[PDB]
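Novice: Could you have a look at this structure, given as structure tokens, before my questions?
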Amino acid sequence: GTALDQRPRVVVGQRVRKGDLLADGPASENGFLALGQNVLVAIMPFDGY
Amino acid sequence: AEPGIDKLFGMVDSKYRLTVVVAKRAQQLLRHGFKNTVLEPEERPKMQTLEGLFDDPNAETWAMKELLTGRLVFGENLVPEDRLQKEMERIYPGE
Amino acid sequence: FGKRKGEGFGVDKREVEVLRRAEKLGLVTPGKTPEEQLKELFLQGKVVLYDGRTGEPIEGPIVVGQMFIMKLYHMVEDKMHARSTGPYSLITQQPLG
Amino acid sequence: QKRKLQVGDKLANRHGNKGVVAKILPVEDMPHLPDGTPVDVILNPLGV
Amino acid sequence: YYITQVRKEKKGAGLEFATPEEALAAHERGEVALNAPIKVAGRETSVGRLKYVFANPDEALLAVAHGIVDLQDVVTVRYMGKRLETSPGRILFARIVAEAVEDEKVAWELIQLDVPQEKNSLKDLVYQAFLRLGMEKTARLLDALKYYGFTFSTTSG
Amino acid sequence: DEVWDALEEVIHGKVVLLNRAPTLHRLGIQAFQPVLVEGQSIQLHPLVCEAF
Amino acid sequence: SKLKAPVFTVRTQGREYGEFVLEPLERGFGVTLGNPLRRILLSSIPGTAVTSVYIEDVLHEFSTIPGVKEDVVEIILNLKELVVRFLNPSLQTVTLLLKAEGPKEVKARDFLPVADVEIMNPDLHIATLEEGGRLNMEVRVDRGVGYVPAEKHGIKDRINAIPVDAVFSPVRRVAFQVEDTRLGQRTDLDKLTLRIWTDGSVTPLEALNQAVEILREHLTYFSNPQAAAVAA
Amino acid sequence: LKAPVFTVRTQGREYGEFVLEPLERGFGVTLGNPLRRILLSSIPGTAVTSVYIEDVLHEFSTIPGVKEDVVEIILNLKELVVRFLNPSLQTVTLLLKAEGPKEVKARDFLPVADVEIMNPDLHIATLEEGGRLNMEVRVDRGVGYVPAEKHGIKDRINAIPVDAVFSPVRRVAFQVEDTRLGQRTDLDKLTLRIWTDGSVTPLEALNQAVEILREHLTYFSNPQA
């Protein structure tokens with residue numbers, strides 16, 4: 001089911017290096033494995049929730 | 001839990017008896033009208049936007065309530081099963 | 001914190017009141033300036049936290065930070081059904097949809 | 001369909017903290033640092 | 001559990017009150033000085049028991065609400081005709097229970113507030129409550145416990 | 001909205017039965033008074049996370 | 001949202017306890033009102049209580065008394081339970097007198113009458129006297145708010161006198177919940193119910209109204225600008 | 001009897017520190033928390049409600065000449081912060097239309113009478129050559145958080161409703177510091193700090209909040225049953 005689009009990460013008239021990335025995969029963030037997020041967690045109990 | 005349940009297990013020899021009594025009471029409570037009841041006068045079940053559980057939401061709760069009084073009678077073979085239904089339909093209209 | 005002081009702001013009476021319980025609990029080392037105590041408490045992973053709904057502080061410091069956490073294939077679409085009535089299989093008369 | 005994080009969903013960290021989203025608090029009444037910055041998520045310590 | 005708990009600290013000096021009356025007032029000068037903390041072995045009492053003494057419980061936790069005393073601290077308090085060396089926490093627990101079930105006097109009887117609360121103590125409580133008081137009251141008791149448990153849980157941090 | 005109010009009216013004091021997967025003793029199923037809630041999952045009283 | 005103008009409903013029995021319910025309220029407003037209303041109720045409500053006591057022949061707070069069953073402390077305790085009420089602002093305080101002898105049960109009504117001071121609390125048990133049971137005492141009652149320990153206020157009457165913990169606040173307890181109520185399609189709606197325990201000085205409702213008044217009042221304070229800005 | 005010094009500081013349209021002192025012990029929280037919680041929610045404002053793009057028929061499209069997928073764009077759009085200068089205005093349709101090699105910013109919208117884009121350097125989207133972008137966004141005034149799911153707004157049937165985050169409050173922090181003033185030490189000096197997108201100013205919002213609260217105290221007017 002999951003959507004796998006590629007997004008482009010480069011601009012018109014930008015030089016580039018061999019092996020540099022051009023577009024990000026399904027779950028990639030600037031060419032790093034991006035499977036979820038970084039959220040701000042507090043780690044305490046809550047009123048039974 | 002539900003209103004005064006310990007008092008109702010106290011009322012019978014078998015836990016399950018209570019269930020049968022309540023069930024059958026709510027049954028006739030519905031079948032032969034709803035004015036079957038022994039308690040309406042003043043302060044009986046009620047609900048909340050008008051107020052009327054004084055007509056017909058939940059029947060078995062009515063049963064438990066009546067039963068909580070010593071008003072009803074429960075017993076193994078009180079009355080011949082046929083003349084029972086005869087008498088019920090004859091005394092109360094509401095079809 | 002360094003910013004906090006220059007911006008115009010020292011300690012919250014709440015911050016103090018939780019540092020009380022902090023040293024009584026053995027997390028900060030008594031005799032020290034709240035600044036240095038808060039540094040201590042920070043390094044151990046924990047910081048003061050206020051309840052959202054009361055604004056009173058939480059009577060004990062609390063670890064917080066950035067955590068990587070993900071959303072799994074198990075959303076609640078594939079998951080919630082509720083049948084009243086409908087179709088029934090032809091040989092066996094137990095239902096389907 | 002765009003599937004936002006409804007209650008009943010599943011979230012888990014890399015270290016194997018299976019959990020369900022069970023309550024969505026409004027920003028207003030959930031634990032915030034001294035400076036008005038609130039936290040985003042609230043994990044039970046009892047899970048550790 | 002967090003609420004039904006007591007501290008101890010630094011009786012660095014053998015603060016013996018058990019005998020001396022020079023140990024009531026002066027050991028408290030020492031307390032209000034830099035010396036003897038509010039809950040420490042003064043054998044027969046901890047200074048905290050000398051210092052604060054409550055008539056109501058209602059009062060006790062007025063005091064506690066004003067940040068004079070914590071729930072895990074050790075005070076003297078007057079419940080049901082007895083001057084009790086107790087934590088406000090413990091007395092509150094006692095109240096929670098006593099409230100859930102109308103009959104305060106039993107509620108007192110069947111709880112052990114001379115110690116903290118671990119799952120076993122609670123288990124035994126719920127059993128006993130069932131036994132002596134009955135089903136749906138135990139129901140209400142149970143929800144009550146669950147409530148305060150959760151609430152104190154979160155704020156305790 | 002009024003439809004909803006009627007549903008509420010229907011529910012009154014009826015109960016529904018709740019079961020959890022591997023039903024090993026009878027407390028694997030218990031009945032509860034239903035309560036309309038926002039969202040899309042069933043909500044359970046923590047005390048009987050023991051039984052199920 | 002507006003027509004949803006909430007229903008302030010009340011169950012008030014006597015002057016000591018009251019349940020006040022107010023629904024329906026927007027998301028999480030129950031706490032927004034209930035929490036700061038309670039903070040007011042418990043501190044900043046205006047009342048009276050015993051602040052210091054002088055006993056004839058008693059010097060220390062612990063000393064037991066011959067002719068008297070109860071120890072000093074339990075008596076001062078009974079004073080901490082005492083509720084009087086002044087009848088006009090001008091009585092900043094009142095030093096109240098009670099002397100009685102021989103085997104009697106000493107009640108608060110035994111306190112010799114003063115013009116403007118009512119004792120809402122006549123039957124309160126103060127102390128029990130024995131044969132040879134002389135007692136004599138001056139108990140100072142002051143105006144104030146909240147709870148103030150013997151230490152923080154330290155009141156000087158006679159050099160033999162002993163300060164008392166000050167139970168000013170007529171409120172005995174406040175407690176409250178915000179539970180969900182529904183309104184049609186919408187279940188998440190906030191229903192505020194709270195409960196107020198008073199020493200009888202003032203009815204729960206009065207307490208409340210004073211407290212909300214205090215809040216509104218404080219809100220009027222945001223109206224006298226001054227200028228600054230900060231950075232380094 | 002105190003009569004608190006209300007000192008007001010202000011930095012542009014975004015940040016404002018509001019100091020009230022000296023206050024009755026523990027009133028820092030009693031005031032500086034319901035007001036926080038109100039400021040965060042029931043404060044009203046403006047946000048993009050729905051978008052429509054020439055050749056796009058749904059949010060999952062991509063336009064030719066345009067790096068950003070139409071989702072990237074509606075997300076870049078939610079960032080739009082727009083002052084109405086006249087509180088009769090419940091809504092405004094902004095029009096963008098640009099071509100060629102350009103980095104479309106929020107300033108690139110056509111000016112509309114009584115509206116102020118606060119966010120001019122906002123990076124709408126990135127056209128290369130023969131890139132064509134043309135659209136009508138609909139900003140609305142409203143209150144709190146309202147998904148596209150709930151409100152379902154379309155002027156035309158190639159629109160895409162967008163999630164509305166109205167509250168122009170970014171963060172709210174109270175602060176409660178000991179002020180020894182004159183006689184007693186345990187007084188509170190409460191100074192709460194407000195961060196705003198500029199649509200309203202901190203001050204404006206603080207006052208709207210106090211009003212909401214007072215008005216809410218007015219609901220304890222007449223008892224009943």
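Convention: chains lettered A, B, ... in structure tokens order; per-chain residue numbering from 1; ligands numbered from 1 as shown.
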Name the residues in contact with residue 20 in chain D at a cut-off of 12 Å, using only C-alpha atoms, excluding same-chain residues fewer than 4 positions from it; report them as a PDB file with N, CA, C and O atoms, in the first residue's frame.
Specialist:
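Writing the result to around-v3.pdb gives the following:
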```pdb
ATOM      1  N   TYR A  49      -2.990   7.582  30.953  1.00  0.00           N
ATOM      2  CA  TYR A  49      -3.233   7.694  29.532  1.00  0.00           C
ATOM      3  C   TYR A  49      -2.084   7.098  28.764  1.00  0.00           C
ATOM      4  O   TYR A  49      -2.075   7.116  27.548  1.00  0.00           O
TER       5      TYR A  49
ATOM      6  N   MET C  70       8.758   5.820  15.182  1.00  0.00           N
ATOM      7  CA  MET C  70       8.182   5.677  13.857  1.00  0.00           C
ATOM      8  C   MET C  70       6.760   5.153  13.872  1.00  0.00           C
ATOM      9  O   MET C  70       6.297   4.581  14.875  1.00  0.00           O
ATOM     10  N   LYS C  71       6.113   5.327  12.719  1.00  0.00           N
ATOM     11  CA  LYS C  71       4.713   5.009  12.491  1.00  0.00           C
ATOM     12  C   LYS C  71       4.645   3.698  11.738  1.00  0.00           C
ATOM     13  O   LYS C  71       5.099   3.609  10.596  1.00  0.00           O
ATOM     14  N   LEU C  72       4.054   2.682  12.353  1.00  0.00           N
ATOM     15  CA  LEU C  72       4.133   1.358  11.754  1.00  0.00           C
ATOM     16  C   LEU C  72       2.967   1.100  10.816  1.00  0.00           C
ATOM     17  O   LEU C  72       1.941   1.773  10.869  1.00  0.00           O
ATOM     18  N   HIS C  74       0.649  -0.691  11.003  1.00  0.00           N
ATOM     19  CA  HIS C  74      -0.632  -1.007  11.633  1.00  0.00           C
ATOM     20  C   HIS C  74      -1.557   0.158  11.993  1.00  0.00           C
ATOM     21  O   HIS C  74      -1.875   0.354  13.164  1.00  0.00           O
ATOM     22  N   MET C  75      -2.003   0.917  10.995  1.00  0.00           N
ATOM     23  CA  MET C  75      -2.925   2.029  11.237  1.00  0.00           C
ATOM     24  C   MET C  75      -4.320   1.464  11.527  1.00  0.00           C
ATOM     25  O   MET C  75      -4.488   0.254  11.614  1.00  0.00           O
ATOM     26  N   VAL C  76      -5.309   2.325  11.735  1.00  0.00           N
ATOM     27  CA  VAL C  76      -6.601   1.841  12.220  1.00  0.00           C
ATOM     28  C   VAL C  76      -7.646   1.792  11.116  1.00  0.00           C
ATOM     29  O   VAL C  76      -8.848   1.765  11.372  1.00  0.00           O
TER      30      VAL C  76
ATOM     31  N   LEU D   5      -2.171  10.821  12.135  1.00  0.00           N
ATOM     32  CA  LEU D   5      -1.932   9.879  13.210  1.00  0.00           C
ATOM     33  C   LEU D   5      -3.174   9.892  14.077  1.00  0.00           C
ATOM     34  O   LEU D   5      -3.279  10.686  14.995  1.00  0.00           O
ATOM     35  N   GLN D   6      -4.129   9.023  13.786  1.00  0.00           N
ATOM     36  CA  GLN D   6      -5.324   8.950  14.615  1.00  0.00           C
ATOM     37  C   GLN D   6      -5.035   8.096  15.835  1.00  0.00           C
ATOM     38  O   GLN D   6      -4.056   7.354  15.868  1.00  0.00           O
ATOM     39  N   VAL D   7      -5.893   8.202  16.842  1.00  0.00           N
ATOM     40  CA  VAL D   7      -5.778   7.361  18.026  1.00  0.00           C
ATOM     41  C   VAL D   7      -6.149   5.905  17.723  1.00  0.00           C
ATOM     42  O   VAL D   7      -7.138   5.631  17.045  1.00  0.00           O
ATOM     43  N   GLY D   8      -5.348   4.978  18.241  1.00  0.00           N
ATOM     44  CA  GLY D   8      -5.416   3.585  17.843  1.00  0.00           C
ATOM     45  C   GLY D   8      -4.263   3.161  16.961  1.00  0.00           C
ATOM     46  O   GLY D   8      -4.048   1.972  16.726  1.00  0.00           O
ATOM     47  N   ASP D   9      -3.486   4.132  16.502  1.00  0.00           N
ATOM     48  CA  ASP D   9      -2.356   3.841  15.633  1.00  0.00           C
ATOM     49  C   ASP D   9      -1.245   3.177  16.423  1.00  0.00           C
ATOM     50  O   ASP D   9      -1.299   3.108  17.649  1.00  0.00           O
ATOM     51  N   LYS D  10      -0.258   2.656  15.710  1.00  0.00           N
ATOM     52  CA  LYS D  10       0.912   2.073  16.351  1.00  0.00           C
ATOM     53  C   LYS D  10       2.191   2.872  16.099  1.00  0.00           C
ATOM     54  O   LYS D  10       2.492   3.245  14.964  1.00  0.00           O
ATOM     55  N   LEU D  11       2.921   3.148  17.179  1.00  0.00           N
ATOM     56  CA  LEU D  11       4.228   3.792  17.096  1.00  0.00           C
ATOM     57  C   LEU D  11       5.250   2.952  17.851  1.00  0.00           C
ATOM     58  O   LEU D  11       4.912   2.289  18.836  1.00  0.00           O
ATOM     59  N   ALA D  12       6.501   2.987  17.397  1.00  0.00           N
ATOM     60  CA  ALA D  12       7.568   2.291  18.117  1.00  0.00           C
ATOM     61  C   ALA D  12       8.961   2.830  17.818  1.00  0.00           C
ATOM     62  O   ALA D  12       9.229   3.290  16.703  1.00  0.00           O
ATOM     63  N   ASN D  13       9.792   2.913  18.854  1.00  0.00           N
ATOM     64  CA  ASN D  13      11.173   3.347  18.680  1.00  0.00           C
ATOM     65  C   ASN D  13      12.026   2.213  18.122  1.00  0.00           C
ATOM     66  O   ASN D  13      11.550   1.087  17.949  1.00  0.00           O
ATOM     67  N   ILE D  24      -4.842  12.037  22.295  1.00  0.00           N
ATOM     68  CA  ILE D  24      -4.256  13.204  21.668  1.00  0.00           C
ATOM     69  C   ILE D  24      -4.583  14.418  22.506  1.00  0.00           C
ATOM     70  O   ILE D  24      -5.717  14.886  22.496  1.00  0.00           O
ATOM     71  N   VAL D  41       5.324  13.977  22.962  1.00  0.00           N
ATOM     72  CA  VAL D  41       4.950  12.590  23.218  1.00  0.00           C
ATOM     73  C   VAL D  41       5.335  12.209  24.648  1.00  0.00           C
ATOM     74  O   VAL D  41       6.243  12.802  25.226  1.00  0.00           O
ATOM     75  N   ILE D  42       4.657  11.222  25.225  1.00  0.00           N
ATOM     76  CA  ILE D  42       4.786  10.960  26.655  1.00  0.00           C
ATOM     77  C   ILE D  42       4.792   9.470  26.927  1.00  0.00           C
ATOM     78  O   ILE D  42       3.751   8.827  26.958  1.00  0.00           O
ATOM     79  N   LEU D  43       5.980   8.928  27.139  1.00  0.00           N
ATOM     80  CA  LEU D  43       6.146   7.491  27.251  1.00  0.00           C
ATOM     81  C   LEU D  43       6.167   7.069  28.713  1.00  0.00           C
ATOM     82  O   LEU D  43       6.789   7.734  29.529  1.00  0.00           O
ATOM     83  N   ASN D  44       5.497   5.973  29.056  1.00  0.00           N
ATOM     84  CA  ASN D  44       5.534   5.501  30.439  1.00  0.00           C
ATOM     85  C   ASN D  44       6.908   4.929  30.791  1.00  0.00           C
ATOM     86  O   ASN D  44       7.440   4.100  30.057  1.00  0.00           O
TER      87      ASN D  44
ATOM     88  N   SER F  41     -11.189   3.434  18.186  1.00  0.00           N
ATOM     89  CA  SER F  41     -10.815   2.195  18.852  1.00  0.00           C
ATOM     90  C   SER F  41     -11.547   2.034  20.165  1.00  0.00           C
ATOM     91  O   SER F  41     -12.174   2.970  20.658  1.00  0.00           O
ATOM     92  N   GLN F  43     -12.105   1.327  24.147  1.00  0.00           N
ATOM     93  CA  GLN F  43     -11.316   1.790  25.265  1.00  0.00           C
ATOM     94  C   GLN F  43     -11.549   0.845  26.425  1.00  0.00           C
ATOM     95  O   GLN F  43     -12.680   0.439  26.682  1.00  0.00           O
TER      96      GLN F  43
END
```
Novice: Could you pull the residues within 12 Å of residue 36 in chain B, counting only C-alpha atoms, minus those fewer than 5 positions along the same chain, as a PyMOL selection string?
Specialist: chain B and resi 25-31+55-56+59+62-63+66+72+87-95
Novice: Convert the current residue selection to file output with N, CA and C atoms, as a PDB file, in the first residue's frame.
Specialist:
```
ATOM      1  N   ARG B  25     -39.124 -11.223  34.166  1.00  0.00           N
ATOM      2  CA  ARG B  25     -39.841 -10.047  34.614  1.00  0.00           C
ATOM      3  C   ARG B  25     -39.760  -8.998  33.529  1.00  0.00           C
ATOM      4  N   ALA B  26     -38.563  -8.701  33.035  1.00  0.00           N
ATOM      5  CA  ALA B  26     -38.428  -7.700  31.982  1.00  0.00           C
ATOM      6  C   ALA B  26     -39.241  -8.109  30.753  1.00  0.00           C
ATOM      7  N   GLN B  27     -39.306  -9.421  30.528  1.00  0.00           N
ATOM      8  CA  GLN B  27     -40.056  -9.962  29.403  1.00  0.00           C
ATOM      9  C   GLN B  27     -41.515  -9.574  29.502  1.00  0.00           C
ATOM     10  N   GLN B  28     -42.152  -9.907  30.621  1.00  0.00           N
ATOM     11  CA  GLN B  28     -43.569  -9.586  30.749  1.00  0.00           C
ATOM     12  C   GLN B  28     -43.750  -8.073  30.890  1.00  0.00           C
ATOM     13  N   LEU B  29     -42.734  -7.427  31.451  1.00  0.00           N
ATOM     14  CA  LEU B  29     -42.668  -5.980  31.587  1.00  0.00           C
ATOM     15  C   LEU B  29     -42.835  -5.318  30.242  1.00  0.00           C
ATOM     16  N   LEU B  30     -42.374  -6.001  29.201  1.00  0.00           N
ATOM     17  CA  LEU B  30     -42.503  -5.468  27.853  1.00  0.00           C
ATOM     18  C   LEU B  30     -43.786  -5.984  27.202  1.00  0.00           C
ATOM     19  N   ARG B  31     -44.016  -7.290  27.311  1.00  0.00           N
ATOM     20  CA  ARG B  31     -44.998  -8.006  26.494  1.00  0.00           C
ATOM     21  C   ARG B  31     -46.415  -7.482  26.711  1.00  0.00           C
ATOM     22  N   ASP B  55     -41.466   5.971  30.922  1.00  0.00           N
ATOM     23  CA  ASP B  55     -42.185   5.153  29.958  1.00  0.00           C
ATOM     24  C   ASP B  55     -41.461   3.876  29.498  1.00  0.00           C
ATOM     25  N   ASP B  56     -40.335   3.975  28.784  1.00  0.00           N
ATOM     26  CA  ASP B  56     -39.796   2.741  28.189  1.00  0.00           C
ATOM     27  C   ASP B  56     -38.342   2.590  27.693  1.00  0.00           C
ATOM     28  N   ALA B  59     -35.820  -2.277  30.308  1.00  0.00           N
ATOM     29  CA  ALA B  59     -36.804  -3.121  30.994  1.00  0.00           C
ATOM     30  C   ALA B  59     -36.257  -3.932  32.170  1.00  0.00           C
ATOM     31  N   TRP B  62     -35.655  -2.022  35.331  1.00  0.00           N
ATOM     32  CA  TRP B  62     -36.964  -1.973  35.974  1.00  0.00           C
ATOM     33  C   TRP B  62     -37.188  -3.241  36.780  1.00  0.00           C
ATOM     34  N   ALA B  63     -36.832  -4.377  36.184  1.00  0.00           N
ATOM     35  CA  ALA B  63     -36.998  -5.654  36.873  1.00  0.00           C
ATOM     36  C   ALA B  63     -36.191  -5.647  38.173  1.00  0.00           C
ATOM     37  N   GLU B  66     -37.836  -3.291  40.841  1.00  0.00           N
ATOM     38  CA  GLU B  66     -39.017  -3.885  41.456  1.00  0.00           C
ATOM     39  C   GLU B  66     -38.620  -4.992  42.417  1.00  0.00           C
ATOM     40  N   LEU B  72     -42.580  -8.108  44.302  1.00  0.00           N
ATOM     41  CA  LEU B  72     -42.778  -9.242  43.408  1.00  0.00           C
ATOM     42  C   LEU B  72     -42.702 -10.567  44.160  1.00  0.00           C
ATOM     43  N   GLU B  87     -54.490 -14.661  32.571  1.00  0.00           N
ATOM     44  CA  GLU B  87     -54.808 -13.625  33.539  1.00  0.00           C
ATOM     45  C   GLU B  87     -54.067 -12.339  33.229  1.00  0.00           C
ATOM     46  N   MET B  88     -52.855 -12.483  32.698  1.00  0.00           N
ATOM     47  CA  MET B  88     -52.039 -11.307  32.439  1.00  0.00           C
ATOM     48  C   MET B  88     -52.667 -10.515  31.308  1.00  0.00           C
ATOM     49  N   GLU B  89     -53.019 -11.197  30.220  1.00  0.00           N
ATOM     50  CA  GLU B  89     -53.580 -10.488  29.073  1.00  0.00           C
ATOM     51  C   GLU B  89     -54.972  -9.936  29.383  1.00  0.00           C
ATOM     52  N   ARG B  90     -55.737 -10.663  30.198  1.00  0.00           N
ATOM     53  CA  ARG B  90     -57.072 -10.207  30.588  1.00  0.00           C
ATOM     54  C   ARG B  90     -57.076  -8.962  31.484  1.00  0.00           C
ATOM     55  N   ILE B  91     -56.157  -8.887  32.444  1.00  0.00           N
ATOM     56  CA  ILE B  91     -56.152  -7.753  33.373  1.00  0.00           C
ATOM     57  C   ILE B  91     -55.588  -6.474  32.749  1.00  0.00           C
ATOM     58  N   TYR B  92     -54.523  -6.610  31.967  1.00  0.00           N
ATOM     59  CA  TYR B  92     -53.877  -5.447  31.369  1.00  0.00           C
ATOM     60  C   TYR B  92     -54.043  -5.379  29.854  1.00  0.00           C
ATOM     61  N   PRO B  93     -54.625  -4.270  29.372  1.00  0.00           N
ATOM     62  CA  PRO B  93     -54.650  -3.917  27.952  1.00  0.00           C
ATOM     63  C   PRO B  93     -53.314  -3.326  27.520  1.00  0.00           C
ATOM     64  N   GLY B  94     -53.243  -2.835  26.289  1.00  0.00           N
ATOM     65  CA  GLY B  94     -51.985  -2.385  25.730  1.00  0.00           C
ATOM     66  C   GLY B  94     -51.496  -3.441  24.763  1.00  0.00           C
ATOM     67  N   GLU B  95     -52.228  -4.554  24.724  1.00  0.00           N
ATOM     68  CA  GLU B  95     -52.049  -5.587  23.709  1.00  0.00           C
ATOM     69  C   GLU B  95     -50.634  -6.165  23.732  1.00  0.00           C
TER      70      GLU B  95
END
```
Novice: Would you list the contacts of residue 6 in chain F as a ChimeraX atom specification, taking every protein, DNA or RNA residue within 12 Å and counting only C-alpha atoms, but skipping same-chain residues closer than 3 positions in sequence?
Specialist: /B:47-50,57 /F:1-3,9-12 /G:184-185
Novice: Can you build me a table of chain C residues sitting at most 7 Å from chain A, with the closest atom pair per residue and its distance in Å to one decimal, using only C-alpha atoms, sorted by chain and residue number, as JSON lines?
Specialist:
```
{"residue": "C:63", "atom": "CA", "partner": "A:42", "partner_atom": "CA", "distance": 6.2}
{"residue": "C:64", "atom": "CA", "partner": "A:42", "partner_atom": "CA", "distance": 4.3}
{"residue": "C:65", "atom": "CA", "partner": "A:41", "partner_atom": "CA", "distance": 5.5}
{"residue": "C:66", "atom": "CA", "partner": "A:40", "partner_atom": "CA", "distance": 4.7}
{"residue": "C:67", "atom": "CA", "partner": "A:38", "partner_atom": "CA", "distance": 5.3}
{"residue": "C:68", "atom": "CA", "partner": "A:38", "partner_atom": "CA", "distance": 4.3}
{"residue": "C:69", "atom": "CA", "partner": "A:36", "partner_atom": "CA", "distance": 5.7}
{"residue": "C:70", "atom": "CA", "partner": "A:36", "partner_atom": "CA", "distance": 3.9}
{"residue": "C:71", "atom": "CA", "partner": "A:36", "partner_atom": "CA", "distance": 6.2}
```
Novice: Please run DSSP on the backbone and report, as a ChimeraX atom specification, all residues within range 129-183 of chain G that come out as strand (DSSP E).
Specialist: /G:135-145,147-148,162-163,166-167,171-183
Novice: Define the interface residues of chain F facing chain A as those within 12 Å, counting only C-alpha atoms, and report them as a PyMOL selection string.
Specialist: chain F and resi 43-47
Novice: Could you please determine the separation between CA of residue 201 in chain G and CA of residue 62 in chain E in Å, to one decimal place?
Specialist: 16.8 Å
Novice: With only C-alpha atoms counted and 7 Å as the cut-off, give the residues of chain H in contact with chain D, each with its shortest interatomic distance in Å and the pair that gives it, as a Markdown table.
Specialist:
```
| residue | atom | partner | partner_atom | distance |
| --- | --- | --- | --- | --- |
| H:37 | CA | D:28 | CA | 5.1 |
| H:40 | CA | D:28 | CA | 5.9 |
| H:41 | CA | D:28 | CA | 6.9 |
| H:171 | CA | D:36 | CA | 5.4 |
| H:172 | CA | D:36 | CA | 4.9 |
| H:173 | CA | D:36 | CA | 4.2 |
```
Novice: Report, in Å with one decimal, the straight-line distance from CA of residue 214 in chain G to CA of residue 2 in chain H.
Specialist: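 CA of residue 2 in chain H lies at a distance of 12.9 Å from CA of residue 214 in chain G.
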Novice: Would you list the contacts of residue 1 in chain C as a list in words, taking every protein, DNA or RNA residue within 10 Å and counting only C-alpha atoms, but skipping same-chain residues closer than 4 positions in sequence?
Specialist: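 Here the qualifying residues turn out to be residues 5, 6, 7, 9, 10, 35, 38 and 39 of chain C; 34 and 35 of chain D.
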Novice: Residues as selected, C-alpha atoms, written as a PDB file, in the first residue's frame, can you do that?
Specialist:
```pdb
ATOM      1  CA  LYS C   5      19.784  34.949  32.581  1.00  0.00           C
ATOM      2  CA  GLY C   6      20.740  37.632  30.075  1.00  0.00           C
ATOM      3  CA  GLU C   7      17.283  37.735  28.502  1.00  0.00           C
ATOM      4  CA  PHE C   9      15.243  36.057  33.858  1.00  0.00           C
ATOM      5  CA  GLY C  10      16.636  34.053  36.769  1.00  0.00           C
ATOM      6  CA  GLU C  35      22.247  27.561  38.465  1.00  0.00           C
ATOM      7  CA  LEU C  38      20.243  22.826  37.436  1.00  0.00           C
ATOM      8  CA  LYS C  39      23.401  22.128  35.472  1.00  0.00           C
TER       9      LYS C  39
ATOM     10  CA  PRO D  34      10.282  26.422  31.552  1.00  0.00           C
ATOM     11  CA  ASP D  35      10.399  28.341  28.295  1.00  0.00           C
TER      12      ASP D  35
END
```
Novice: Just want the 10 Å neighbourhood of residue 5 in chain A, counted on only C-alpha atoms, with same-chain residues fewer than 6 positions away dropped. Output as a PyMOL selection string.
Specialist: (chain A and resi 23-27) or (chain H and resi 69)
Novice: Just write the chosen residues, C-alpha atoms, as a PDB file, in the first residue's frame.
Specialist:
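Result file is result_31.pdb:
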```
ATOM      1  CA  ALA A  23      16.580  12.640  -5.556  1.00  0.00           C
ATOM      2  CA  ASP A  24      15.425  11.056  -2.319  1.00  0.00           C
ATOM      3  CA  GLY A  25      13.860   7.607  -2.108  1.00  0.00           C
ATOM      4  CA  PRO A  26      10.545   6.639  -0.443  1.00  0.00           C
ATOM      5  CA  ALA A  27      11.750   7.023   3.115  1.00  0.00           C
TER       6      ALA A  27
ATOM      7  CA  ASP H  69       5.113  18.246  -5.565  1.00  0.00           C
TER       8      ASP H  69
END
```
Novice: Excluding same-chain residues fewer than 2 positions from residue 41 in chain C, what lies within 12 Å of it counting only C-alpha atoms, as an NGL selection string?
Specialist: :C and (15 or 18-19 or 22-23 or 25-29 or 34-39 or 43-48 or 60-64)
Novice: Report as a count of residues only: the residues of range 21-90 of chain B with a DSSP assignment of helix (DSSP H, G or I), based on the backbone of this structure.
Specialist: 31
Novice: Within 12 Å of chain H, which residues belong to chain E? Use only C-alpha atoms and report them as a PyMOL selection string.
Specialist: chain E and resi 65-67
Novice: Dump as a PyMOL selection string the residues of chain G that approach chain F to within 9 Å, counting only C-alpha atoms.
Specialist: chain G and resi 182-188
Novice: Distance cut-off 12 Å, counting only C-alpha atoms - which residues of chain G neighbour chain C? Return them as a list in words.
Specialist: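 Here is what falls inside 12 Å: residues 28, 29, 30, 31, 32, 33, 34, 35, 36, 37, 38, 39, 178, 228, 229, 230, 231 and 232 of chain G.
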Novice: Give me, as a list in words, the residues of chain E touching chain F, with the criterion being at most 12 Å (counting only C-alpha atoms).
Specialist: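 Matching residues, ligands excluded from the count: residues 139, 142, 143, 144, 145, 146, 147, 149 and 150 of chain E.
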Novice: Could the residues in this selection be written to a file with C-alpha atoms, as a compact mmCIF listing (two decimals), in the first residue's frame?
Specialist:
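out-v2.txt, freshly written:
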```txt
# COMPACT_ATOMS: atom_id res chain seq x y z
CA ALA E 139 -16.10 -1.69 42.72
CA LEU E 142 -11.29 0.06 43.03
CA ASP E 143 -12.00 2.95 40.70
CA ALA E 144 -11.09 5.40 43.49
CA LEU E 145 -7.72 3.76 44.03
CA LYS E 146 -7.12 3.71 40.30
CA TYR E 147 -7.87 7.45 40.09
CA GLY E 149 -2.99 6.20 41.87
CA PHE E 150 -2.80 7.58 38.34
```
